[PDB]
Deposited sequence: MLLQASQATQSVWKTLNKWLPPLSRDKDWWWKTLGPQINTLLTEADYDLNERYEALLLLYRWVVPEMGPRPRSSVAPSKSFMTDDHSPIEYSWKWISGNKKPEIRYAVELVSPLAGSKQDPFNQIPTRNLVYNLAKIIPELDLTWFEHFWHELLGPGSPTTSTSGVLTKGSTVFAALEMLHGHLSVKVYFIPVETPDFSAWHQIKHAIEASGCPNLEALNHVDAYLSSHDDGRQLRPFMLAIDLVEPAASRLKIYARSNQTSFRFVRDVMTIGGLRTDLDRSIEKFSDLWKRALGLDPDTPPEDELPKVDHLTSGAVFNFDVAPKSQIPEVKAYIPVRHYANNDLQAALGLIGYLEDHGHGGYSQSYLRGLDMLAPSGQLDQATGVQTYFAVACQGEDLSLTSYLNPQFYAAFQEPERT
């Protein structure tokens, strides 16, 4: 094991850091091994983890009570893994989002725990010269800076590392603090308009859908995600959540009220996957809402990519497995069955072994929580799928 080797020879850590090292290290190493990453990339990922992530994770879990109300996951685990299924039975892409913490979190010097993420981004920029920080600083000052603004989701920023087989990408997520006169969408839209975009036609499409369309008026934007590459090549993901959960609503959102055409085949496959992943009756009417779940992150959630060189925005929908499925094994078998039916499930067993590694001992088939979302994007006539995973440090405290 790469982690066993590194842990054997790297200098020992303090109690808290060692706990994070011996927990996150094996988890990341297992996910990367099952996805067939070469050895050097596993060493690199664990060396980065040991040097720049583990020291900034704060005190180790000691109970089921979390030290913060982090918006990363429902149980406030500050780590979320993701497993992107690549078509053609190619190797999956492993990514992980992290919200680092410091003792200053909550104080006047850092009331919303932003400094650790900024430090991580600059540290990564030192080692990765291809990283561009122009949009990082622009959106940082616009959304979280001294000029920005009561109501908070539990976090305001976090970062993600994407191991794209041979190179590393970094993403940054901003969760604006809302005030009675400055909602999250107002701040995000103003920041994008002030970012120097060549064409803002897709942003206007998203704005018109959100403001005027009956279904689009039911969505509440809350988060913005950018890529730390050249701004012409970076995506602009605008996340929005709604209380409605019927697939008729989900479908209308995927098409942005009919703006996007030629998606009938993809949406049919989406409908099948939605029902299988959630364990719904095959004849469930698309106009029926899902049974009510009352939670901060319940309902249907999406993101709109308003990227340049594309006048029509793209939509990714997230199937909230943790809130509406029966149990993790059932949702996993539905996803894997869909993949098998379309000849895209070469890494299904590897994925199941990863779930077994991540799951709290004896809970896959009786509870939810491990798989947070199944992300679905429509690519022509096929689906692009991603599994998001919560290690559940506190809800499953061992």
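- Going by the record, the unmodelled stretches of the deposited sequence, in order, are 1-10, 160-165, 415-419.
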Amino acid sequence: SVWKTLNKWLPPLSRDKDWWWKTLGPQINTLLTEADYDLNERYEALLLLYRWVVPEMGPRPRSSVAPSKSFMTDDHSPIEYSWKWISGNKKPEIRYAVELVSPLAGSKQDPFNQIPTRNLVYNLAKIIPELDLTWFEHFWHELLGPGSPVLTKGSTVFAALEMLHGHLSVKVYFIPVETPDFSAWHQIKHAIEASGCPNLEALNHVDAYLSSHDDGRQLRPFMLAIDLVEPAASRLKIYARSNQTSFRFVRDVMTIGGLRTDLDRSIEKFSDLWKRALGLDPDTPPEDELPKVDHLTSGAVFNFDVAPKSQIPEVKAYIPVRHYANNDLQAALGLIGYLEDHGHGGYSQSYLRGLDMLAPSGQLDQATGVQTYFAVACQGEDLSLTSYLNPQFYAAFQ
From here on, numbers count along this sequence of modelled residues.
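- Across the other entries compared, at least a third leave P198 without coordinates even though the residues on each side are present.
- Among the other PDB entries of this protein that were compared and that flank it with modelled residues, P78 is modelled in all, so it is never left out in a third of them.
- Note on 198-206 vs 219-227: mean CA B-factor is higher in 198-206.
- Taking the PDB entry as given, 181-189 carries the higher mean Cα B factor of the two stretches 151-159 and 181-189.
- Per the PDB record, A232 has a higher Cα B-factor than any other of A232, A300, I86, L273.
- Per the PDB record, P308 has a higher Cα B-factor than any other of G106, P116, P308, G279.
- The deposited CA B-factor of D214 belongs to the highest third of values across its chain.
- Ranked by Cα temperature factor within the chain, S63 sits in the highest third according to the deposited record.
- In the deposited entry, the Cα temperature factor of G345 sits in the middle third of values across the chain's modelled residues.
- In the deposited entry, the Cα temperature factor of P78 places it in the lowest third of its chain's modelled residues.
- Among all modelled residues in this chain, the alpha-carbon of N7 has a temperature factor (C-alpha) in the middle third.
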